[PDB]
Amino acid sequence: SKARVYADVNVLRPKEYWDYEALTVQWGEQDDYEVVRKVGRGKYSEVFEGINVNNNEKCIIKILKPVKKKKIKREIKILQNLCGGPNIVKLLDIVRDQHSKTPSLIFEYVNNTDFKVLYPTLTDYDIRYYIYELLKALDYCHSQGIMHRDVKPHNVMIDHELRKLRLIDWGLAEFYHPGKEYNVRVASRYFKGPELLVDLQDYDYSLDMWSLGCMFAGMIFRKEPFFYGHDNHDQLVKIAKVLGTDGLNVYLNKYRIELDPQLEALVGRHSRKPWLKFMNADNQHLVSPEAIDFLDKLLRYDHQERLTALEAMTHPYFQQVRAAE
Ligand SMILES: N#C/C(=C\c1ccc(O)c(O)c1)C(N)=O
């Protein structure tokens with residue numbers, strides 16, 4: 001399998017563009033930035049609202065938990081490549097504590113409203129608009145040869161007053177190289193594509209479009225997360241209990257993957273459930289024919305059949321957002 005778009009971006013650029021192991025970091029000044037308050041955390045980082053002591057402007061201090069130096073240069077190299085891209089978080093500086101050489105990444109600050117509080121607030125138009133702003137970031141980073149591999153609401157910062165969106169936490173992002181077999185232990189479980197759950201390792205940018213579809217279904221159906229598996233086997237069962245197992249079988253046969261017998265028995269056999277079966281009084285105002293048609297074209301087993309980010313942006317679901325632009 002091979003990406004249908006942007007497959008050659010890294011082939012044609014000089015090796016220094018994608019050769020992140022060879023990057024040499026020019027370290028800033030650790031004392032330029034002071035922690036104000038903790039803002040977030042994850043397996044690999046703690047994140048703080050900071051202040052730039054020179055201009056007194058806010059910033060984000062991302063202190064990286066101890067990991068292999070490779071993962072560090074990878075995130076830095078990707079952030080440098082994407083800086084200036086539409087709705088990509090801007091890496092401002094890189095610093096380290098002198099005694100322990102623990103590195104910190106400095107970013108612009110987004111006055112985010114956490115999605116668990118923000119999303120139930122959003123109007124139908126607001127959903128269209130913010131998903132459109134996210135699509136801009138994905139099309140750009142795909143066009144620059146990079147897969148984010150961790151799309152989820154936790155990684156989309158939104159200042160709802162300024163209507164500003166940033167795609168954050170590029171610590172799992174990776175360069176796309178046609179034919180390369182990647183680690184399927186990426187993304188967060190509820191947003192892993194089927195390709196990750198059946199150990200199809202030569203995936204591509206289209207993985208991010210499944211994750212986006214999961215996010216989007218969660219928003220319009222107000223079912224968060226939309227596919228709620230307990231572990232990685234269960235997560236595929238939950239998908240197959242919606243898309244149907246017939247579609248799963250042709251996917252597996254087309255890319256010549258056999259499921260593990262334990263996983264195969266767990267999936268069983270299920271007919272496809274139409275998207276309207278998730279509508280209720282609460283989400284009804286958000287579930288129009290165009291939203292459904294758009295969601296249907298993201299959540300396909302076959303990663304080659306899903307919309308690209310560029311195609312998604314032209315879907316008639318977004319026509320009113322494009323017209324405002
Ligand atoms: N949280 C948070 C925020 C920013 C951020 C920026 C880059 C990252 O890699 C990251 O994990 C977080 C924020 N509210 O602006």
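These values consider heavy atoms only, across backbone and side chains, with no hydrogens, waters or symmetry-generated copies. For the single chain, residues carry numbers from 1 onward in sequence order.
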query = Is a side-chain donor or acceptor of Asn253 paired with a backbone partner of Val250 at a separation under 3.5 angstrom?
reply = no

query = Transitively linked via ILVMFWY side-chain contacts under 4.5 Å: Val35 with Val53?
reply = no

ask   = Where do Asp126 and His160 come nearest, in terms of heavy atoms and distance?
value = OD2-CE1, 3.3 Å

request  = Determine whether more than 12 heavy atoms belonging to other residues, nucleotides or ligands lie under 6.0 Å from atom CD of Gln262.
outcome  = no

message = How about NZ on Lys58, more than 12 heavy atoms from neighbouring residues, nucleotides or ligands closer than 6.0 Å, or not?
response = no

query = So which heavy atom on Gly229 is nearest to which on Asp234, and how close?
reply = CA-OD2, 3.4 Å

Side chain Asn155, main chain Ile168, donor-acceptor under 3.5 Å = no

query = How about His303 and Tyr301: are their ring centroids closer than 6.0 Å?
reply = no

request  = Search all heavy atoms of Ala240 against all heavy atoms of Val267 and return the closest pair with its distance.
outcome  = CB-CG1, 3.8 Å

ask   = More than 12 heavy atoms of other residues, nucleotides or ligands under 6.0 Å from CE of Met313: is that the case?
value = yes

inquiry  = Check this for me: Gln30, atom CD, are more than 12 non-hydrogen atoms of other residues, nucleotides or ligands nearer than 6.0 Å?
reply    = yes

query = Between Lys38 and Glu46, is the closest basic N to carboxylate O distance under 4.0 Å?
reply = yes

inquiry  = For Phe278 together with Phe221, are the ring centres under 6.0 Å from each other?
reply    = yes

request  = Would you check if the side chain of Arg37 reaches a backbone N or O of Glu49 as a donor-acceptor pair within less than 3.5 Å?
outcome  = no

query = Just checking, any donor-acceptor pair under 3.5 angstrom between side chains of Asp204 and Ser1?
reply = no

query = Is the count of non-hydrogen atoms from other residues, nucleotides or ligands lying under 6.0 Å from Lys68 atom NZ greater than 12?
reply = yes

Distance, nearest 0.5 Å, that separates CG of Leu92 from CD1 of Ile61 = 11.5 Å

remark   = Exactly one of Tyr176, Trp170, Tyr205 clears ring pair (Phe, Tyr, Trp, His ring centres under 6.0 Å) with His148, and that residue is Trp170

message = Quick check against the 3.5 Å criterion: does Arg306 have a side-chain atom that pairs as donor or acceptor with the backbone of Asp208?
response = no

Reported OG1-to-CD1 distance for the pair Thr245 and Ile239, which is rounded to 0.5 angstrom = 13.5 Å

key: Heavy-atom closest pair, residues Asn54 and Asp32   = ND2-OD1, 3.1 Å

task = Write out all pairs satisfying side-chain hydrogen bond (donor to acceptor under 3.5 Å, both in side chains) with one or both partners inside residues 85-98, taking only residues at least two apart or from two chains.
result = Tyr33-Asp93, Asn87-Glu133, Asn87-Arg166, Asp97-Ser100

task = Using a strict cut-off of less than 4.0 Å between a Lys/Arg side-chain nitrogen and an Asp/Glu carboxylate oxygen, indicate whether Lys180 and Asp202 qualify as a salt bridge.
result = no

message = When you compare the side chains of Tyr182 and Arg149, does any donor N or O come within less than 3.5 Å of an acceptor on the partner?
response = no

ask   = Is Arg128 salt-bridged to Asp124, going by a charged N under 4.0 Å from an acidic O?
value = yes

message = Please determine whether residues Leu236 and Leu266 belong to a single hydrophobic cluster, defined as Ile, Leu, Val, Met, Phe, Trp and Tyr linked transitively by side-chain heavy-atom distances below 4.5 Å.
response = yes

query = Is the backbone of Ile292 close enough, under 3.5 Å, to the side chain of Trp275 for a donor and an acceptor to pair up by distance?
reply = no

query = After noting the C-alpha distance and the side-chain angles of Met219 and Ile131, does the key distance pass the side chain to side chain contact (heavy atoms under 4.5 Å, CB included) rule?
reply = CA-CA 10 Å; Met219 300 174 75; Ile131 296 291; 3.7 Å; yes

Got a list of side-chain donor-acceptor pairs under 3.5 Å for residues 110-120, not counting sequence neighbours?
residue, atom, partner, partner atom, Å
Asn112, OD1, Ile158, N, 2.9
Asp114, OD2, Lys116, N, 2.9
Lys116, NZ, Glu224, OE1, 2.4

ask   = For the side chain of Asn10 and the backbone of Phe175, is there at least one donor-acceptor N/O pair under 3.5 Å apart?
value = no

Donor + acceptor pair across side chains of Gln304, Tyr255 (<3.5 Å) = yes

query = With no hydrogens and no angle check, is any side-chain donor or acceptor of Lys71 less than 3.5 Å from a backbone partner on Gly171?
reply = yes

request  = Salt-bridge test for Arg272 and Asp296: reply yes if a basic N is under 4.0 Å from a carboxylate O, no otherwise.
outcome  = yes

message = Grouping I, L, V, M, F, W and Y whenever their side-chain heavy atoms are under 4.5 Å apart, do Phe216 and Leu310 come out in a common cluster?
response = no

ask   = So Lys254 and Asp302, salt bridge (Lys or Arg N to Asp or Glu O under 4.0 Å) or not? Walk me through it.
value = CA-CA 9 Å; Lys254 145 153 190 213; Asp302 202 329; 2.8 Å; yes

key: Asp159 and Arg163 ion-paired at < 4.0 Å   = no

Expected output: side-chain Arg74 to main-chain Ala173 donor-acceptor under 3.5 Å = yes

key: No-hydrogen, no-angle side-chain donor-acceptor test under 3.5 Å, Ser188 and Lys152   = yes

task = Would you check, one step at a time, whether the test side chain to side chain contact (heavy atoms under 4.5 Å, CB included) holds for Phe294 with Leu307?
result = CA-CA 9 Å; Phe294 175 56; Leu307 290 182; 3.8 Å; yes

remark   = Paired with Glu21, the salt bridge (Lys or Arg N to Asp or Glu O under 4.0 Å) test is passed by just one of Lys77, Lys73, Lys70, namely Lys70

message = Would the distance check show the side chain of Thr314 and the main-chain N or O of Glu311 forming a donor-acceptor pair, the cut-off being under 3.5 Å?
response = yes

key: Non-hydrogen atoms of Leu91 and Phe107 that approach each other most closely   = CA-CD2, 3.8 Å

request  = Report whether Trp27 and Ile106 are members of the same hydrophobic cluster (ILVMFWY, side-chain heavy atoms less than 4.5 Å apart, transitive linking).
outcome  = no

key: Test side chain to side chain donor-acceptor pair (under 3.5 Å) applied to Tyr109 and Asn52, step by step   = CA-CA 11 Å; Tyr109 171 78; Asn52 179 334; over 6 Å; no

query = What is the minimum heavy-atom distance between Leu134 and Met215, and which atoms define it?
reply = CD2-CE, 3.7 Å

ask   = When rounded to the nearest 0.5 angstrom, what distance separates CG in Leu197 from CG in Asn232?
value = 6.0 Å

ask   = Any donor and acceptor pair, going by atom type alone, linking the side chain of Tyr130 with main-chain N or O of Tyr125 inside 3.5 Å?
value = no

